[PDB]
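**Student:** Here's a structure for you.
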Amino acid sequence: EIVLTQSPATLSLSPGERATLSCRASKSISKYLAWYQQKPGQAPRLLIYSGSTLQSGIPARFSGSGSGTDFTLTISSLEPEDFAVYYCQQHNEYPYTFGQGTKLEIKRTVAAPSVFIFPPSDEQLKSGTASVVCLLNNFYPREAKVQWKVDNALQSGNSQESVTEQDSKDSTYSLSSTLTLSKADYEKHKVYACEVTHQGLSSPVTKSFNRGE
Amino acid sequence: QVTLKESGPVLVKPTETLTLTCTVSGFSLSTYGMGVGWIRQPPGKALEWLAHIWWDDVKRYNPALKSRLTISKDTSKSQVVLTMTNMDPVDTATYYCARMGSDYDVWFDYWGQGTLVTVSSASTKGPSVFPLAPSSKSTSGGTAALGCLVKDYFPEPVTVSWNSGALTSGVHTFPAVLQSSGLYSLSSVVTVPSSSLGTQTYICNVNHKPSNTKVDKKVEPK
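Quick mapping for you: the protein sequence lines, in order, are chains R and U.
All residue numbers for the first sequence refer to my numbering, where the first residue is 4 and numbers rise by one.
All residue numbers for the second sequence refer to my numbering, where the first residue is 123 and numbers rise by one.
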């Protein structure tokens with residue numbers, strides 16, 4: 004019913020900065036707004052309640068202001084741990100509602116990913132599938148292009164990528180790229196190569212292996 | 123002190139009924155001012171308030187879903203229960219229980235860790251677990267990477283740990299992707315010193331509650 008509109012949707016700032024997050028209520032809620040911080044697969048942690056009361060457990064670099072229609076959460080000395088989604092929630096009026104969140108990224112110096120490759124285990128082949136896995140470890144920024152080459156030829160629609168949420172200690176991301184062929188097709192070919200292009204790399208790096216060996 | 127824990131991860135069939143228990147300790151579900159609420163979160167989506175109950179048995183429900191919801195408490199058992207009828211694939215979400223932080227205002231100060239409810243008519247299936255063995259093609263000077271690929275299970279979640287929780291640094295467990303077969307797949311990976319690959323045993327522990335399967339796999343250069 005009371006709609007809460009958070010701004011901006013995403014934010015990226017360096018250690019030491021101030022993050023400024025807005026929340027707008029469609030109708031007056033007096034002072035009764037709370038803020039929560041939510042890391043990846045964790046419960047929300049309550050930061051502020053009633054607009055500006057800093058809660059039990061929370062460092063003073065978090066603060067809040069506003070009333071009625073407009074509210075602002077401020078985070079003052081961005082540390083790497085500050086990575087999260089941040090939600091506002093009105094506690095004034097039934098029914099109780101939440102904003103859609105702001106996602107904060109914490110900047111760090113550019114880091115190129117260490118890249119490793121894994122051939123399928125012999126054990127998976129025995130069941131008629133092959134999973135070739137390329138791992139890009141601890142990189143910043145998040146943008147990275149992975150290209151799969153089977154016998155010097157490009158691949159398409161046969162790889163899947165998964166990225167971890169930004170680490171909370173060193174602000175890096177990691178990425179998995181997974182090439183899935185049939186056993187038949189796997190043994191049909193010799194050289195498996197994962198080609199990684201990333202801003203921390205002067206030139207695209209390749210990791211590869213000769214089938215079996 | 124104050125804790126709360128949601129009953130384990132459940133798979134619920136379309137149209138059926140979900141039943142969740144929150145088990146509380148550190149306070150009484152009948153002390154003045156104490157209250158417990160349920161809030162859910164669809165994947166990649168916002169938080170949503172479901173219902174809460176107070177010490178004196180007063181109950182509040184989301185009006186949009188009111189027709190489908192029941193909430194109750196039993197003080198001697200230290201449990202709050204949530205019943206949601208006519209489940210729909212759209213109800214697939216993480217379900218939290220939380221305590222209110224005041225005796226009046228509805229905001230939450232302590233939270234359970236959440237339980238993933240998946241609404242689907244598909245059957246549970248436990249994972250196959252394959253090694254991703256360390257080699258020279260995973261040994262980039264002084265440091266080696268190894269893992270386990272955890273494959274072909276349903277529903278989410280799966281929990282993966284290394285040497286029963288004694289290895290936590292360098293561990294990346296990637297989000298599952300839902301494959302064309304309608305089963306999830308993921309890798310859990312870890313980086314360790316090279317010198318230790320002949321010494322230290324590395325095991326991945328893969329727990330899949332919905333299908334009641336636990337797998338241990340040793341990972342070894344080969």
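All residues carry an ideal CB built from backbone N, CA and C; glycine is no exception.
For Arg190/U versus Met206/U, is the C-beta distance shorter than 8 Å?
**Tutor:** Going by C-beta atoms, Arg190/U is nearer than 8 Å to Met206/U.
**Student:** By DSSP's criteria, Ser165/R is part of a beta bridge. Which residues make up the other side?
**Tutor:** DSSP output for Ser165/R lists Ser179/R as bridge partner(s).
**Student:** Could you tell me whether any Cβ in chain U is nearer than 8 Å to the Cβ of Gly104/R?
**Tutor:** Output row for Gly104/R: interface = yes.
**Student:** So, is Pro279/U buried or exposed, given that buried needs 16 or more other C-beta atoms within 10 angstroms?
**Tutor:** Looking at its Cβ environment, which holds 16 or more other Cβ atoms inside 10 Å, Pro279/U is buried.
**Student:** For the alpha helix (DSSP H) containing residue 88/U, name the first residue and the last one.
**Tutor:** Because chain U spans 123 through 344 in this model, residue 88/U falls outside it and cannot be assessed.
**Student:** By a C-beta neighbour count over all protein chains shown, 10 Å radius and 16 as the cutoff for buried, is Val212/U buried or exposed?
**Tutor:** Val212/U is exposed by the Cβ-count criterion.
**Student:** Counting only beta-carbon separations shorter than 8 Å, does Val132/U have a partner in chain R?
**Tutor:** Answer no: the Cβ-Cβ gap between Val132/U and chain R never drops below 8 Å.
**Student:** Let me see if you follow: with CB-CB separation under 8 Å, is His330/U close to chain R or not?
**Tutor:** Answer no: the Cβ-Cβ gap between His330/U and chain R never drops below 8 Å.
**Student:** Would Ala133/R and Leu184/R qualify as a contact pair, given that the criterion is a beta-carbon distance under 8 Å?
**Tutor:** Yes, they are a contact pair.
**Student:** Looking only at its own chain, which residues have a Cβ that is under 7 Å from the Cβ of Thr125/U, when we skip the five neighbours before and after it?
**Tutor:** Around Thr125/U: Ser147 and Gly148.
**Student:** I believe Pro122/R touches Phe65/R by the beta-carbon criterion, under 8 Å. Please report the beta-carbon distance rounded to the nearest angstrom.
**Tutor:** Contact doesn't hold; Cβ gap of about 48 Å is too wide.
**Student:** Taking 8 Å as the CB-CB cut-off, is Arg182/U touching chain R?
**Tutor:** Yes, contact with chain R.
**Student:** If distances are taken between C-alpha atoms only, which option among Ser245/U, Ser291/U, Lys340/U and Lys339/U comes closest to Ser303/U?
**Tutor:** Per the Cα distances, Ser245/U.
**Student:** Can you tell me which of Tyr154/U, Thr335/U, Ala186/U and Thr281/U puts its alpha carbon nearest to the alpha carbon of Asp179/U?
**Tutor:** Here the closest residue by C-alpha is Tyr154/U.
**Student:** In chain U, what lies closer than 7 Å to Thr167/R by C-beta?
**Tutor:** Near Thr167/R (Cβ distances below 7 Å), the residues of chain U are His294 and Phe296.
**Student:** Would the beta-carbon of residue 2/R fall within 8 Å of that of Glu168/R?
**Tutor:** Nothing about residue 2/R can be reported from this structure: the residues present for chain R run from 4 to 216 only.
**Student:** Excluding sequence positions up to five away, which residues of its chain have a Cβ less than 6 Å from the Cβ of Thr321/U?
**Tutor:** Around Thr321/U: no qualifying Cβ.
**Student:** Are the C-beta atoms of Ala215/U and some chain R residue less than 8 Å apart?
**Tutor:** No, because no Cβ of chain R sits closer than 8 Å to the Cβ of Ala215/U.
**Student:** Pull up the CB-CB distance for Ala196/R and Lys210/R, whole angstroms please, since I reckon it's below 8 Å.
**Tutor:** So it is a contact: roughly 7 Å between Cβ atoms.
**Student:** Could you tell me if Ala288/U is buried or exposed, where buried requires 16 or more neighbouring beta carbons within 10 angstroms of its beta carbon?
**Tutor:** Its Cβ having fewer than 16 others within 10 Å, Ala288/U is exposed.
**Student:** Is there at least one Cβ from chain U nearer than 8 Å to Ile109/R's Cβ?
**Tutor:** Answer no: the Cβ-Cβ gap between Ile109/R and chain U never drops below 8 Å.
**Student:** What residues in its chain sit with their C-beta under 6 Å from that of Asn285/U, if we drop five residues either side in the sequence?
**Tutor:** Same-chain partners within the cutoff: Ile325.
**Student:** Distance cutoff 8 Å, beta carbons only. Does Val136/R sit that close to anything in chain U?
**Tutor:** It does; some Cβ of chain U falls within 8 Å.
**Student:** For a contact defined as C-beta to C-beta under 7 Å, what are the partners of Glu198/R on chain U?
**Tutor:** In chain order: nothing, as chain U lies at least about 14 Å away.
**Student:** Whose Cβ in chain U lies nearer than 9 Å to the Cβ of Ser124/R?
**Tutor:** Ordered by position in chain U, the residues that pass the 9 Å Cβ test against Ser124/R are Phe252, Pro253, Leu254, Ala255, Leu271 and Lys344.
**Student:** By how many angstroms is the C-alpha of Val311/U removed from the C-alpha of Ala114/R?
**Tutor:** Approximately 19 Å between the Cα atoms of the pair.
**Student:** Kindly indicate if chain R contains any beta-carbon less than 8 Å away from that of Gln123/U.
**Tutor:** Not an interface residue.
**Student:** Using only alpha-carbon positions, find the residue among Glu96/R, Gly104/R, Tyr97/R and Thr100/R that is nearest to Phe86/R.
**Tutor:** The shortest C-alpha separation from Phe86/R is found at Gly104/R.
**Student:** Compute the Euclidean distance between the alpha carbons of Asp231/U and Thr8/R, then round it to the nearest angstrom.
**Tutor:** Looking at the two C-alpha atoms, the distance is approximately 22 Å.
**Student:** Rounded to whole angstroms, what is the Cα-Cα separation between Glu108/R and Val202/U?
**Tutor:** Each residue's Cα considered, the two are about 36 Å apart.
**Student:** According to the neighbour-count rule (16 or more other Cβ atoms, all chains shown, within 10 Å of its Cβ), is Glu128/U buried or exposed?
**Tutor:** With 16 or more other Cβ atoms within 10 Å, it is buried.
**Student:** Can you find the residues in the same chain that come closer than 8 Å, C-beta to C-beta, to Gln58/R, ignoring five residues on each side of it along the sequence?
**Tutor:** Result list for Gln58/R: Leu49, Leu50, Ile51 and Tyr52, in chain order.
**Student:** Residues in the same chain with beta-carbon distance under 8 Å from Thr181/R, minus the five sequence neighbours each way, listed in chain order, please.
**Tutor:** Counting only Cβ-Cβ distances below 8 Å, and skipping sequence neighbours, we find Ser134, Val135, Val136, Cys137, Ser162, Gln163, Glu164 and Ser165.
**Student:** What whole-angstrom Cβ distance do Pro136/U and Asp196/U have, given they're in contact under 8 Å?
**Tutor:** Actually they do not touch by this definition, with Cβ atoms about 29 Å apart.
**Student:** Can you pull the chain R neighbours of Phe149/U, defined as C-beta to C-beta under 8 Å?
**Tutor:** By Cβ distance, chain R contributes nothing, its closest Cβ being about 15 Å from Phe149/U, past 8 Å.
**Student:** By DSSP, does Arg190/U sit in helix, in strand, or in coil?
**Tutor:** If DSSP states are grouped into helix, strand and coil, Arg190/U belongs with the helices.
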